[PDB]
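Okay, so we've got the same protein chain twice, two forms, each given alone as structure tokens, structure 1 and structure 2.
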Structure 1
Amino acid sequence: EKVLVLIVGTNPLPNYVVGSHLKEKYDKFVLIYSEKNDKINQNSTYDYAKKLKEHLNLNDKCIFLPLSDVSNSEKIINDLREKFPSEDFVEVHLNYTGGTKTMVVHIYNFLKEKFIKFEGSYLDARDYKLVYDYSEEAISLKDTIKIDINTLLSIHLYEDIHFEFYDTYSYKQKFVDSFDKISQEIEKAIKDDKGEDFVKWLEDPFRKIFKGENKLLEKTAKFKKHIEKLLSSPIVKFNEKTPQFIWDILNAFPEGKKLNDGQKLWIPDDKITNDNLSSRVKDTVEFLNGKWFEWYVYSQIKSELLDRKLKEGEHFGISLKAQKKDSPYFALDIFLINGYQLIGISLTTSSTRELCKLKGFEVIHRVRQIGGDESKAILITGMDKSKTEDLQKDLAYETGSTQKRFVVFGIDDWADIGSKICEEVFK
């Protein structure tokens, strides 16, 4: 009977990692967790212990040991002696990575006196190594222990998750037999260092013409009044000062979905109805105003992830959505898992500081919610390099690592965004 003992704190991922690596060598498993006590402002980590038992397949070889007070040395010592298994064990391995400082201090010494092979362990979050106290070995688990998106979100209490594959992408369904032509044309301009010029034309005249009153592109009356009120106008900027590579992008859409009417801007007559207007520009405007960039970035990384033996739908995906039980859901543009570190990618074409700054707070908090406190967040913006370096420094929080856990890319990174994501995440 070889027993492995884990300390269940509020970060379940370290215990899942050590469990996945050591279960093959032990016969019994003791999960020490906290009880809920409102009077001392103590919540319970029991939900994580069940998820640890579930996703490690411990079954009845798992012993749950609750602690009444995780900050009282006496109660911890007492609760251990009363509830710790008294069977004669040959080996006792305690990984003291989780829990409070009082938990690790007193559990360790209680099991250092009671015992018989003994070994203390700790998983390093910085360099991904399992350090043994007496064996003096530091084995890396970075490339060996794996985890998929379902397991990772589940042990963090997130259920009902869905996402899109490369083949089931939403705008492929909307632009059948055109999507590849539209996406190949955009990609070529972005790889031709036209990203900056695109986002300027997108701000003016594009967003001046095709944005404003809600349902502007679905009621011809609203769109009629808007173009009249645009009669210095963005229409001439579009008609007369639109560069050629955008004309190539605009003409990549099918004629029935082109924003242009030749080499000028399509304006509906009084014959064109509400549904006619919507069927022409709605999907094309929504794709050009931002959705295209989600697909572009995902397309520039899928090959590099498959080369590293990652599997789509388990280790990367697009348009992920998840939620806790009976709680609102959230959306994440792209997700990636390197070994067992979550990387969440949030995308925007905006170049405006305030908007991107708020995007940064968002992606930081979401990856902590679903991947634990060692996740990495990447924000990709249309800002210049000075603005992106400013944002990283603005939002950086110090956890004890030299490597950044919040990364901002900008408009100068778009043309080679594949390799830059690859270097940031895996190197």
Structure 2
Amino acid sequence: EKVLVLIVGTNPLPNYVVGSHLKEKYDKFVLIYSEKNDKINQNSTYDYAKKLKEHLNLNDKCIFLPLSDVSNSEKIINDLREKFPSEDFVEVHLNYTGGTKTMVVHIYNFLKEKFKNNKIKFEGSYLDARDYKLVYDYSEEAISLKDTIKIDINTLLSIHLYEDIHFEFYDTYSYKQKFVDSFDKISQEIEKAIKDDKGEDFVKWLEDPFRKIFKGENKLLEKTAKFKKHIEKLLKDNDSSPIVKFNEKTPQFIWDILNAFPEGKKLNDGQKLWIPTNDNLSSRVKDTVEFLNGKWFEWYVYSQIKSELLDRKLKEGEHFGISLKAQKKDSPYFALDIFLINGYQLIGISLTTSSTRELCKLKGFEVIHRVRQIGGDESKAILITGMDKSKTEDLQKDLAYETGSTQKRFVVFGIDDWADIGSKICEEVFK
């Protein structure tokens, strides 16, 4: 009988990886977790322990071992002496990656002593987050797990206690349905413009005049009356009106983008703004305005990454996708623009066409927190912005947080990366 002992902290991912790699070699699994004691400010990791048992399919081979106090050696040793299985194991393997420092020292030294009898082989190991290696005590076996252990997005979110997972594929992208028969032409025209280095020109026009016409009061594009009132206000600026700029200063590559939309979903009438039924207005403008206001950039980047990832053995749906959402039980949903899994490292990618320092900064804080919540503390966050290189470098330094590794866990791309964004993400993710 051979037993593997895992220490259940609040990062289930390392225990999942070690367990996936070693489960075949063991007959019993002891998951050591914390009880909830509100009066010493101690939450339980039982919920993680259950998820580990569940996704590692341990079933009847799993023993759960609760510790009443994970900060007190005395009580830790007391609970171990009382509760640790007293069977005649021939090998006891403790992986001491998870948990508090005291849990580690005292579980380690408890087990080494309890099983000192040389009929029993004691082994300790540790999953190194920096170099993706399982290191054994005194053995220098040093096996890299970086490329060997895989996880899909459903398992990753599940062990971090997220549920109701939804995302989209290239074949299920929602705007492909909203723009029937025209999506490909639309996305081609946009991809052509970005590859021709017109992204900055595009975002400038989107900011002015596009957002000045089609973004104002809430439900502006849902009530024909409110929209015409907005049109007549802007016409008061005369030659300085956004409408005049729309009609007279729009570049040909933007007219071609606008004219790629289906006849009944175009913002223009000839080379002129369409000046207006509420449901007929919504059917004409709603999806088109929402797509042009930024969703297009989500699709563009996703289609640039897909190719590279297909060559790399990743499986769409399991290892990458677009428009990820999920929730903890009875809790609000998050939204992440693009996810990618390299081995067992989550890379969350957040996209904005903004060039403004303040807005991109806030999006940075957001993507850092989300990948931590859903993929754990060793996840990578990428922010793709419309900022110049100087601003992206500042933002990287501004939000950098130190965790002991030499590689950045928060990376910022900018307007000059848009044309070759697939290659830039390939380089950054697969290092």
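Between two forms, the rigid core is the largest collection of C-alphas that superpose within 1.5 Å. Please note that residue numbering is based on structure 1, beginning with 1 at the start of its sequence.
Engineer: So with the rigid core superposed, the C-alpha of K172 shifts by how many Å between structure 1 and structure 2?
Structural biologist: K172 C-alpha displacement between structure 1 and structure 2, core-aligned: 0.4 Å.
Engineer: Keeping the rigid core fixed, what distance in angstrom separates the two C-alpha positions of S68 between structure 1 and structure 2?
Structural biologist: It moves 2.0 Å at the C-alpha.
Engineer: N57: how large is its C-alpha shift between structure 1 and structure 2, with the rigid core as the superposition reference, in Å?
Structural biologist: So the C-alpha of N57 has moved 1.2 Å between structure 1 and structure 2.
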